[PDB]
Peer 1: 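Can you read through this structure? Questions will come right after.
Within every chain, numbering begins at 1; the chains are lettered A, B, ... in the order of the sequence lines, protein sequences first and strands thereafter. Only this structure's heavy atoms are used, side chains among them; waters, hydrogens and symmetry mates stay out.
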Amino acid sequence: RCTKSXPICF
Amino acid sequence: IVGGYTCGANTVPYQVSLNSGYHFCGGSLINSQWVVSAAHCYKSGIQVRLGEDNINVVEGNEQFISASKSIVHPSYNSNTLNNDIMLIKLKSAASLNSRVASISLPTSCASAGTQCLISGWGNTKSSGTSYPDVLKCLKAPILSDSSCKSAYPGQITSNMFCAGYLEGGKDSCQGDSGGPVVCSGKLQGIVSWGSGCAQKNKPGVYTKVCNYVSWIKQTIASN
Ligand SMILES: [Ca+2]
């Protein structure tokens, strides 16, 4: 699961 | 946006691009001086780009305005993505016209099955990467909170909702973060996160804007 930004993933 | 369509120039006049020498996130204009985006989009040196279609060409109708304040929700948790909302104040008020226009905040929350418009300059592929020049659009329904929680057990807070498809092929994606989910003319969601993009059984997750209308009001009024 990642944010949908230029991504921050977990 | 994966599985969407070309919006048409300035057909989504509240859509902004956040730029730091490149497009990095979307946002939504809510009045002449204020933009709503995602907390995870926070950084220094934000230039807000209004009236954009092709983000790589100066076409006319663009307004580039520096952010003068970037206000992340004080309770934003970067681990859980709860409270994934940020307010950006513009240095000077935008000039509002048919191509640059604010979007209304909700007066109440939206219900499952409501059809919304999600838009952005994010990746158009579910596998690999392709970034568009022009703004892309997707019509997507709000899912039930049972279905949202089934897709992402223990990860969906009261400040999140799912929208999109479970069959795969249609979703927001990397570069769309911070941008609008508009339903019945109200900004109900902010593009936040998901498991990949447009994957079967993994819908997009969105910040539930209706929960923040008072906070947005109190924050703008004091700034
Ligand atoms: Ca342009």
Peer 1: Assess, by modelled atom type and distance only, whether the side chains of B:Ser192 and B:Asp84 contain a donor and an acceptor separated by less than 3.5 Å.
Peer 2: yes
Peer 1: Do B:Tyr206 and B:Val72 land in one hydrophobic cluster if side-chain heavy atoms of ILVMFWY residues count as linked below 4.5 Å?
Peer 2: no
Peer 1: Could you tell me whether the side chains of B:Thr207 and B:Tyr212 share a donor-acceptor contact shorter than 3.5 Å?
Peer 2: no
Peer 1: Taking the six-membered ring of B:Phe161 as reference, does the NZ or CZ atom of B:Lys208 fall below 6.0 Å from its centre and within a 45° cone about the axis?
Peer 2: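 No - B:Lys208 does not lie over the ring of B:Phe161 by the 6.0 Å and 45° rule.
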Peer 1: Does a donor on one side chain sit under 3.5 Å from an acceptor on the other, for B:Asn159 and B:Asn82?
Peer 2: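 A donor-acceptor contact under 3.5 Å links the two side chains.
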Peer 1: Consider only side-chain N and O atoms of B:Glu52 and B:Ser17, and report whether a donor and an acceptor are under 3.5 Å apart.
Peer 2: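 Side chains of B:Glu52 and B:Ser17: no pair found under 3.5 Å.
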Peer 1: What closest approach, in Å, do B:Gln63 and B:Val100 show between heavy atoms, and which atom pair accounts for it?
Peer 2: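 Looking at all heavy atoms of both residues, the closest pair is NE2-CG2, 3.8 Å.
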Peer 1: Using a strict 4.0 Å threshold on nitrogen-to-oxygen distance, state whether B:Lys136 and B:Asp176 make a salt bridge.
Peer 2: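 No.
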Peer 1: Applying a strict under-4.5 Å side-chain criterion to I, L, V, M, F, W and Y, I'd like to know whether B:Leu87 and B:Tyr14 cluster together.
Peer 2: yes
Peer 1: Restricting to non-hydrogen atoms, name the atom on B:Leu135 and the atom on B:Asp53 that form the minimum distance, rounded to 0.1 Å.
Peer 2: N-OD1, 3.4 Å
Peer 1: Do B:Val134 and B:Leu117 land in one hydrophobic cluster if side-chain heavy atoms of ILVMFWY residues count as linked below 4.5 Å?
Peer 2: no
Peer 1: Hey, does the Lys NZ or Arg CZ of B:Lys202 hover above the aromatic six-ring of B:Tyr152, less than 6.0 Å from the centre and inside 45° of the axis?
Peer 2: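 Relative to the ring axis of B:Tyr152, which defines the angle, B:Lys202 lies inside both limits.
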Peer 1: If you take all heavy atoms of B:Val209 and B:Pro106, which pair is closest and at what distance?
Peer 2: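 Looking at all heavy atoms of both residues, the shortest contact is CG1-CD, 4.1 Å.
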Peer 1: How close do B:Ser28 and B:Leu187 get, heavy atom to heavy atom, and via which atoms?
Peer 2: OG-CD1, 3.6 Å
Peer 1: Pairing donors with acceptors under 3.5 angstrom, does anything connect the side chains of B:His40 and B:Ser177?
Peer 2: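 B:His40 vs B:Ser177: donor-acceptor pair found between side chains.
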